[PDB]
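Next comes just one chain, in structure tokens: the form deposited in one PDB entry.
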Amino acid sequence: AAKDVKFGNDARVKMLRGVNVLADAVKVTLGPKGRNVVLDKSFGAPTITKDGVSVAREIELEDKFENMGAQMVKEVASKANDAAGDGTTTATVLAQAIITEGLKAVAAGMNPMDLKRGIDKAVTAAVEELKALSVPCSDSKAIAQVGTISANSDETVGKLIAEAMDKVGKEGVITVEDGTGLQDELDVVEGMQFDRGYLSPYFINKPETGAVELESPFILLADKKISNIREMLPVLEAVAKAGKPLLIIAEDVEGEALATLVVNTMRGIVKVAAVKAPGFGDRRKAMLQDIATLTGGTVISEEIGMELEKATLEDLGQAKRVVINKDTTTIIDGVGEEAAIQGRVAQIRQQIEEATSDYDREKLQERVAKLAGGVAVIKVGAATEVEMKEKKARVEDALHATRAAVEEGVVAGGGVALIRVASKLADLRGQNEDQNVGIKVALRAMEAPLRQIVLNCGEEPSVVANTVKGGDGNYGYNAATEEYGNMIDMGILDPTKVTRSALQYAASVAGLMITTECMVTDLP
């Protein structure tokens, strides 16, 4: 199609306009006292939300270049949110800052590549300082505290999260589920989770969580690739007749088969989800065999001879629940007699015994840990079903925050951590004047989020930022009560992973956008 291209400064100012629109839309929700954003819907009743994720997702500008700028910033912010569990608004605000001062410096005639190098150096030093400043969260008390803080200062949610982590381990698989009755049940079942996401977003059954949930699906395990529909069509017909959903775990599903599956999914004829098998090579075969033993259904391997056409309904695996996220999927309480699992664990143990290379032994150890760890499911209970749904959402959010905290650690929230890091790094220097300008740009950008939070709070951002910079350690400003002091003690927590990932992804997108020289769009 016909293309219109912008070269140099005009493209950059279009980019800046787009990112400014996106960040102005999404930034008012930042902070405990954040403004509301009215999102119009075609249904008739607009949705009033103060969540940055929804506001960012709704933004789609008209001008093509501003639209692309907003789309890149939104994409990197979404990547940060998925990686960490939170911080998309912080990442967007940081990106808008870095882009604004970086493009302002570029217009001054400085070399964009040196600015990018300086920004990257400053962000690397900031990550190092943030790791130094991070407070570890490993014992049960800190886990419970983080869970409580994340779930709007609720002690029950933190207690449940800490109990689950103690039961299954800090690296174990923990899942929430609707619970019957007032009591909150917590039991460990035989399950598995591997980092594999849905093939297409149209497979999503729950748009609220952006995940694919299956009430009680069937498991299809084929080591071959699926491109044609005729081989698997008898199995799909059989499972549709059985009245249950189907999970397809193949090496790769694409072509006509994927399109047919997507069409059947959106038309509501049958609810089936397809996900690629974990790993590659013989590791993928071993994982498929492990899943087969867990779900009690023999894997369809064309090498030994069985085919998809001859596959029976009973040959398919079965499990209680299957949850597929954007990048990870979980199998919960797969049906299968326990001696098979014990035998598989034993064989993996001998494979450890004769394992020679370190990496193969590590992979097999990870395999056996995943297989024998199980899945600890939390069944949230409440007196009222809507209260139960709200508690389930809060518990899921607290679980994400607690997992991030256990991974990295906890640092002062509310933007205080970035302020402290910038104050520590104010003495950093590069190898050129442009690199030094980039470093200063990065430091001011790191200061920006706290300024935005206290601007939403209504105070003067400059005074609060200066006072927080003057302080040391975790001392900061609590916008909820308009008081200073130790942010950790006051209970304003942010996992180190969230802030680190937000800063890194904002820096990445800002470096990409600073060095852009041209863009190509379709004509309006």
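Start at 1 with the first residue shown and count on from there. Think of the rigid core as the biggest set of C-alphas that the two forms share within 1.5 Å after superposition.
In what follows, reference is made to the form deposited in another entry, a form of this protein that is not presented.
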{"query": "Answer among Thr265, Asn81, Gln452, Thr148 for the CA shift between this form and the one not shown that reaches 2 Å or more, rigid core superposed", "finding": "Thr265"}
{"query": "Did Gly430 shift 2 Å or more between this form and the one not shown, C-alpha, core superposed", "finding": "no"}
{"query": "Is_shifted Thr295 between this form and the one not shown (CA, 2 Å cut-off, rigid core)", "finding": "yes"}
{"query": "Did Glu408 shift 2 Å or more between this form and the one not shown, C-alpha, core superposed", "finding": "no"}
